[PDB]
Amino acid sequence: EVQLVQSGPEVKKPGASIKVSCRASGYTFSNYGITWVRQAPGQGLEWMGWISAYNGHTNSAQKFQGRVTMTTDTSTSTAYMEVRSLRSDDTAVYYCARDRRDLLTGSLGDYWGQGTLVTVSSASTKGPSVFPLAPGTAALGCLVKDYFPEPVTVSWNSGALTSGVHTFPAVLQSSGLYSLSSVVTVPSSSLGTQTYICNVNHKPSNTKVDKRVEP
Amino acid sequence: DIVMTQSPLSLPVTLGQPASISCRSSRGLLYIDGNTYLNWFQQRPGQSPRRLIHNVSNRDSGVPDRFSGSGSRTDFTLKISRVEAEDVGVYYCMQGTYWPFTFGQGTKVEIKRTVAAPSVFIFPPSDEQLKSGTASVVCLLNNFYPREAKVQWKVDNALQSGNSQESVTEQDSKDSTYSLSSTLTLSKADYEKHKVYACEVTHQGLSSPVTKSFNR
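Residue numbers (the authors' numbering), protein chains in the order written: chain A, 1 to 108, 109L, 110 to 135, 142, 144 to 222; chain B, 1 to 216.
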């Protein structure tokens, strides 16, 4: 099977430059090209540009022609996109997709990478504060507040509690820090008899916090 | 640039029933090789896009038979013969004829279910958070349908504006409902000079708005 594997997440101050990679397997890399597409939070897909791994030709959308440089390395079957002078609205998931070798065909886009999250912000990496949302059916939860960048993962009772769990999409606060809640609905009769612990993992800061949630 | 427009932008479909998505291009999409490069992409929640249809009508190899496509050079249709829960997600058309390639705005397909009013819960700020000088008050609207809901915060009967943020989950792939959080953020000083905190919820499933409140 064809597979495109992209580099890991990036967290950058505005103005920085980055180089993202996309390694191809399962086909002759140099018989094709690579397209790059991004998706900003809450928005649709935006085409960025294209490079041929056969003849090295490139084209880009006008808004990127000055800041983006695409290259390939046929010896490693890898495509690279350099993005200079990052702005906060470059925050997005960046995708590579297998595309046409030259202009004799139109676009392919038939296999996509898993995406690379790139966050651009003046904020500094910071793990969350975790606060209890204290409770026939009751609700309880954890407020996972003031962290940066995305993402956090939340489990309940180390994964034993999944029924009824809702972990909300993060919101960006005016502080430039993210916040979300994770909630679960449970029987009122379980509150004085059972334990509820939220497990909050924030890989970008390598922090983990467990929080007991009491009535 | 080619302008690509999709309709509808939101498409609730009864489970098992057919659905149709329209895409229109501002130029005809016939390329210099005699093919029309109109592709349809499906983006399921939390996933990368995947190509379902290429060149208007051609199913990609690993694509169920329920997806099909047709169109003139400027007006295109993606059809799902019977919508499954696993088809929930955003569908994008893309023209691949004139670079810069451009996408439609996306059509969100969701499962249409019976109207379900939300269960409403309110959470005061924890003592732990108050110590650090901030108060978050959280209102939870759980397991409701359709997605449209209104949350109004009242602090000592005063309607609030500008100091709350909302978030809504993806449609639940089992009961077809949504949940929503509304979070009111105040300084600890402002929180402590008021008594009653209430979130008022209006939804198609409620004959009258429901209010959940607590007294400091």
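Beta carbons: idealized from backbone N, C-alpha and C, even for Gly.
For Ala19 (chain B), the uninterrupted beta strand (DSSP E) run begins and ends at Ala19 to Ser25, by DSSP. Neighbours of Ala16 (chain A) in chain B, taken as residues whose beta carbon is under 9 Å from its own, are absent, since the nearest beta carbon is some 25 Å off.
Pairing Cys199 (chain B) with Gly104 (chain B) gives a Cβ-Cβ distance that is not under 8 Å.
CA-to-CA, the gap between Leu141 (chain B) and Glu86 (chain B) works out to about 24 Å.
Burial is judged here by how many other beta carbons sit within 10 angstroms of a residue's own beta carbon; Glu110 (chain B) has at least 16 and is buried.
The C-alpha of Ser30 (chain A) is placed about 10 Å away from the C-alpha of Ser75 (chain A). For a Cβ distance threshold of 7 Å, nothing in chain A lies close to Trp40 (chain B): the least Cβ distance comes to about 11 Å. Contact between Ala146 (chain A) and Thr192 (chain A) holds, since their C-beta atoms are separated by about 5 Å, short of 8 Å. Identification of chain B residues near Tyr95 (chain A) by a Cβ-Cβ cut-off of 9 Å yields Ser48 and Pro49, ordered along the chain. Every beta strand (DSSP E) of 3 residues or more that sits fully in the region 5 to 59 of chain B is shown, in chain order, as 10 to 14, 19 to 25, 38 to 43 and 50 to 54. Residue burial is scored here from C-beta neighbours: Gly66 (chain A) has fewer than 16 other C-beta atoms within 10 angstroms and is therefore classed as exposed. According to DSSP, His194 (chain B) shares a beta bridge with no other residue. Taking 9 Å as the Cβ-Cβ cut-off, the region 121 to 135 of chain B approaches chain A at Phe121, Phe123, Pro124, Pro125, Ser126, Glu128, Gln129, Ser132 and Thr134, given in chain order.
DSSP lists A:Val120 as the bridge partner or partners of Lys12 (chain A). Think of a sphere of 9 Å around the beta carbon of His173 (chain A): the chain B residues whose beta carbon falls inside it are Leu140, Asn142, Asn143, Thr169, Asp172, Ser179 and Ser181, in chain order.
Scanning A:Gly42, A:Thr91 and A:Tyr27 for the CA closest to the CA of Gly15 (chain A) turns up A:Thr91. Cβ proximity to chain B below 8 Å picks out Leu150 and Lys152 from the region 149 to 161 of chain A.
Interface flag for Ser119 (chain B) against chain A is set, since a Cβ pair is found closer than 8 Å. Taking all protein chains shown into account, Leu86 (chain A) has 16 or more neighbouring C-beta atoms within 10 Å of its C-beta and is therefore buried.
CA-to-CA, the gap between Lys19 (chain A) and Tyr94 (chain A) works out to about 11 Å. Around the C-beta of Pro135 (chain A), 16 or more other C-beta atoms lie within 10 Å, and the residue is accordingly described as buried.
Taking C-beta atoms as the reference points, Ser181 (chain B) and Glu170 (chain B) fail to come closer than 8 Å. Within the region 8 to 19 of chain B, no residue has a Cβ lying closer than 8 Å to any Cβ of chain A. Sequence-distant partners of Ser52 (chain A) (beyond 5 residues in either direction) whose C-beta falls short of 7 Å from its own C-beta, in its chain, are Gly33, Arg101 and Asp102. Collapsing the DSSP output to three states places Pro211 (chain A) in a helix.
Residues of chain B whose Cβ lies closer than 7 Å to the Cβ of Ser121 (chain A) do not exist, since the nearest Cβ in that chain is about 17 Å away. Secondary structure of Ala189 (chain B) (DSSP, three-state): helix. Neighbours of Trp112 (chain A) in chain B, taken as residues whose beta carbon is under 9 Å from its own, are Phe41, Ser48, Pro49, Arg50 and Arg51 in chain order.
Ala134 (chain A) has a beta carbon lying within less than 8 Å of a beta carbon in chain B. Residue range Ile18 to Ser25 is occupied by the beta strand (DSSP E) that includes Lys19 (chain A), with no alpha helix (DSSP H) assigned at that position.
Residue contact with chain B for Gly127 (chain A): absent (no Cβ-Cβ distance below 8 Å to any residue of chain B). Here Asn215 (chain B) is exposed: its Cβ has fewer than 16 other Cβ atoms, across all protein chains shown, within 10 Å. In this structure, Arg98 (chain A) sits near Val2 (chain A), with a CB-CB distance shorter than 8 Å. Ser121 (chain A) and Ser88 (chain A) do touch by the CB rule: their CB atoms are close to 6 Å apart, below 8 Å.
Proximity to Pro146 (chain B) across B:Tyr92, B:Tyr98 and B:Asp172 peaks at B:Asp172, based on C-alpha coordinates. Counting C-beta atoms within 10 angstroms of its own C-beta, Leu150 (chain A) has 16 or more neighbours from the protein chains shown and is therefore classed as buried.
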